[PDB]
Structure formats: structure tokens, C-alpha cells
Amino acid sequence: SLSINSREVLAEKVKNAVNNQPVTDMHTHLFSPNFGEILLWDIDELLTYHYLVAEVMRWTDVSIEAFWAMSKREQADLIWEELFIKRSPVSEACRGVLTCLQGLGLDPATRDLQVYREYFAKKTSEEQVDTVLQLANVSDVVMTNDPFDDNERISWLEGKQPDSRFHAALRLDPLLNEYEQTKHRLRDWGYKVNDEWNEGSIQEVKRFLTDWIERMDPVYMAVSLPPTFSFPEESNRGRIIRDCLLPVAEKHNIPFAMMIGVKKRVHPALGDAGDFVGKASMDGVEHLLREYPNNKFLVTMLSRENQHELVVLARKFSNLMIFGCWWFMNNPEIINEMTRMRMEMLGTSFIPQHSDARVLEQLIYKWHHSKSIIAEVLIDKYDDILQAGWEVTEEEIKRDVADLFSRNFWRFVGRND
């Protein structure tokens, strides 16, 4: 019955447990460094992250065309001047760049971007991965692997495997969302899908999935979906999910990850910075969970206004695992409210965060900023049960922290450690 005797010691012990727990980051856009140039890293890549492109375009008089015509260094220079020098870098994405520099032993105080660049010029990808995963305390990274991308598909077809720290996830947007165009690529690749949606088309699409499952050994198959997402639906998407994806997933015991609420290309000229958000109906997700009890679903949603009801839906269905605070949700005010709602209604039965890192060094700030918030939530929740006379031990806190940052994910996808 030795246990934690005060809130101040609780806070110390929780913060230490959270900081020390190696993270599984279950959705990123990073790649094993052996995949080469598609692994993005360094300060110029940090600064030209699309979140920062959106932000600089609210201030700068430089036209979008002129921006895209600049070199990466020039874009980074402009972003630095407009968002850090001419106004204080108070936004979450700008703060994050500074957290990264500090983590790396660079000094934000000098504002010396040329000195920062020198740091990265002297390293290999493999070295930077080692440094960054250590600093961010991340043991495992789940990638986003898109067989429709020519520059990724090559490494796979060349027999490359990621190192043991990097795990595959099969990204299926082009197949589910753009089948009218994508069906022709499948044909080019020997999958004899017909004009008509018949048994032959069903079989060849299942074979496409099975071949990539065999190749990648993905931990889940994923898709991003619009605010209008509905299921069942008479559409290529509704048919592919019903006839191909769900049966394959069940057979292979692979979860289906759905990232719902992104409205694509509302400002096309902005590229990756041009996507918007909408509230979705919960009906399709509800139907999927109820009607496919032998399938597992990972869900994150983009609208603030979906988050509470998504937690309630998790209370209804054990084949739903909700994860992370995605994109426009990934800001302190929202991370805090979401994490509290989730813990109040689900206890520790969810995955509080993922980084969605596109640039390697972002693991540093995405985990630092989120861990501090998650630690605050845990401190309050433990203190409340301490107040109720419960005895919490440091071993129990370590166990719960491991569940939230790692074990709940592996347990749900039916694998590792």
C-alpha cells in the first residue's frame, strides 16, 4: 500500500513517467531512411511545412505563384522573416519549429538561421533519424505507404524493407476516392478490373490489396474521407469498402483506419495547404461498427464539433479505437479539451495522440507539446481519485502511460511487443 502521498509528488512522477515512456507514433508521413529522399528533414523543410505556408500567405505580399517559384531556401527565408521576425512566432506551428531547434541543441535566442542550417549540412539521414528518435523518445514510427506513388512504389518493388523502428501502413485514398481514374493504373499492373462492377472486378481489387498486404505487412489500411462520407453507399467507394476492403481486413485481422472530415483543395493554388474541414455525420461510422463486429476500425476526425460524439460512439463499440488530435485539432486548446473528454468517458481505453509528422524533426515538438498536455490531464485525473481515497502507485502510472503511448495501439492492431 505504499503509494503517492501528495499532488506535488504525483505531478513529478507523472511527468517523469510520460517523458520516459517510449512512444509508438501510430500515424506519420515519415519513412525509414533507407527509402531515401522521400524522408524529409532539416530546418528548411520544417519552415516550409504546409501549415507554415498557409500562415505566411496571410501576411506576405509575395504572390502564391512567386512563392512556389522560389527555392526551398528562399521560401524558408521568407517564412522566417514574415512569421518569426516581423511578428512573434506565437502560433502552434511556429512554436513547434523553435521547440525542434532547442531540442537539437541549437539556440533560438540568436535567431541565426544560417547557423541552424550548418547543423544539418553535416549529417546523414540515418544519423538524424538516430538523433531525432532519441530526443523525441520515439521507439516506433508508423509510416503512410502509398503504392500509387511512383517514388515510393519503387523501393517496395526493389525489395527494400524499412528498419525495425518503422512500420508500414497501406494508404488507399487513390483506390477508394479516385477509382474512376485509378482503375486504369490497376489494369496497367495486371489487375483485370472490368468496366462493370462484377465478381471479376471484386476479385482483382481484393488481389491488389492482398498483394500489397503481403509486400508491406501493414499494421492497418487507411483512408482520408470528406465531411460528406456515408456508408453504405452506392458508389465506387461504398462498393470497394463493402465488397473488397472489409472482407480482406477481416481475413487478415488488419484494422481499417478512417480519417474523416477533410474537404480537399478549397484553395487549389495552396497545394497541401489548401484543404479545409467540415463536420461529418456519425451514421456511416456507426453502421460500420455495428454491422462489421469482426472488423476493427481506427478513427480520427477533423471537425472540433465531431469530437465529443466520437467519444460517445467509442463507448458503444469495442471494435472502435479512436486516436489522436488530427491536424486542425492539433492545437493546445483543442488537444486539452479532447483529451479530457476522452479520459472522462473512456478511462485509458484510447490513443491520445499521433504526430502526423511530415518532416523528421517534428517528432521533437509534436511529442513535447502533446506530452506536457497529456501529463496535466493525467495529474488532474489521478488527483481526483487520490481525493476519493484510492491509492495510486508509480508502477500503476507507468502501466497506464505505457497503455496510452504504446500498448493500446499494438494490442488493438493485434501485434508487437
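Just count from 1 along the sequence shown to find any residue number.
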With respect to the recorded C-alpha B factors, which stretch has the higher mean value, 364-372 or 41-49?
41-49
Stretch with the greater mean C-alpha B-factor as recorded in the entry, comparing 152-160 against 135-143:
152-160
Which of these, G238, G347, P268, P89, has its C-alpha atom at the highest B-factor, as the entry lists it?
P268
Could you tell me which one of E391, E65, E55, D380 shows the highest CA temperature factor in the PDB record?
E65
According to the PDB entry, is the CA B factor of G284 in the bottom, middle or top third of its chain, that is, lowest, middle or highest?
middle
Using the B-factor values recorded in the entry, state whether the Cα atom of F323 falls in the lowest, middle or highest third among the modelled residues of its chain.
lowest
Quick tally, chain-level thirds of C-alpha B-factors: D77 sits in the middle
CA B-factor ranking of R411, expressed as a third of its chain:
middle
Chain thirds of CA B-factor: placement of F120
highest
